[PDB]
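To start, the structure under review is shown below, and the notes come after it.
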Ligand SMILES: *[C@@H]1O[C@H](CO)[C@@H](O)[C@H](O)[C@H]1NC(C)=O
């Protein structure tokens with residue numbers, strides 16, 4: 598997830614389907 | 849079974865609008881239909 602290279606270079610990763618306990642963080646469905 | 853087919857590369861993505869948001873939209877539409885009628889669809893309620 599990125600706001601666009603024209604405005605920023607920060608990105609966020611989303612691992613679709615894991616519980617994120619085998620790899641800020643916010644646990645989602 | 850979802851956790852018998854997910855082990856073959858298949859993944860079920862959750863919808864954007866959850867059941868609670870759809871229920872809130874339905875309740876808002878019902879309240880607008882009961883109180884205002886057809887005025888809340890064209891302009892103000
Ligand atoms: C997922 O993480 C939650 C919160 O830490 C934990 O309660 C739960 O046991 C975890 N489930 C799995 C499948 O790892």
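Protein chains in written order, with the UniProt record's numbering: chain A, 598 to 620, 641 to 646; chain B, 849 to 893. Cβ coordinates follow ideal geometry from the N, Cα and C atoms, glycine included.
Rounded straight-line distance, which links the Cα of residue 893(B) to that of residue 887(B): 5 Å
Closer than 6 Å: is that where the CB of residue 645(A) sits relative to any heavy atom of ligand 1? no
Do the CB positions of residue 863(B) and residue 646(A) come within less than 7 Å of each other? The beta carbons of residue 863(B) and residue 646(A) sit no closer together than 7 Å.
Between residue 862(B) and chain A, is any beta-carbon pair separated by less than 7 Å? yes
Mind listing the chain A neighbours of residue 883(B)? Cutoff is C-beta to C-beta under 8 Å, in chain order. By Cβ distance, chain A contributes nothing, its closest Cβ being about 34 Å from residue 883(B), past 8 Å.
Note down the Cα distance separating residue 641(A) from residue 891(B), rounded to an integer number of angstroms. So the two alpha carbons sit approximately 43 Å from each other.
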